[PDB]
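So the chains spell out like this:
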Amino acid sequence: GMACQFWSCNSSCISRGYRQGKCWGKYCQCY
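Residues numbered from 1 in each chain as written, not as in the entry; some residues may be left out. Heavy atoms only, no water.

- According to its PDB record, this entry is titled "NMR solution structure of Defensin1 from Centruroides limpidus limpidus".
- Recorded in UniProt for the chain, the comment headed Subcellular location runs: "Secreted".
- Looking at the Sequence similarities heading of the UniProt record, one finds this comment for the chain: "Belongs to the invertebrate defensin family." (UniProt positions renumbered as here; feature names shortened; annotations may be inferred.)

This is the structure we're talking about:
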């Protein structure tokens with residue numbers, strides 16, 4: 001599955017300016 005929603009975390013982080021957004025058991029950290 002996924003711990004944080006792809007269609008939210010990618011579309012958030014790339015709008016803010018990052019290459020990707022991923023889950024870590026804590027929060028959608030952009031990088």
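Notes on the state of the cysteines
(1) Moving on: Under the criterion given, the structure shown has 3 disulfides.
(2) Moving on: With its sulfur 2.0 Å from that of its partner, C13 forms a disulfide with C30. Around the S-S axis, the bridge from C13 to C30 shows a dihedral of about -70 degrees and counts as left-handed. Separated by 17 residues along the polypeptide, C13 in helix 1 (residues 6-16) and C30 in strand 2 (residues 29-30) bring together distant segments of the chain.
(3) Moving on: Its relative accessible area of 26% is what places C30 among the partly exposed residues. (Disulfide = S-S within 2.5 Å. Helix = DSSP H or I, 4+ residues; strand = E, 2+ residues; numbered from the N terminus. Buried < 20%, exposed > 50% of the residue type's maximum accessible area, 1.4 Å probe, protein only.)

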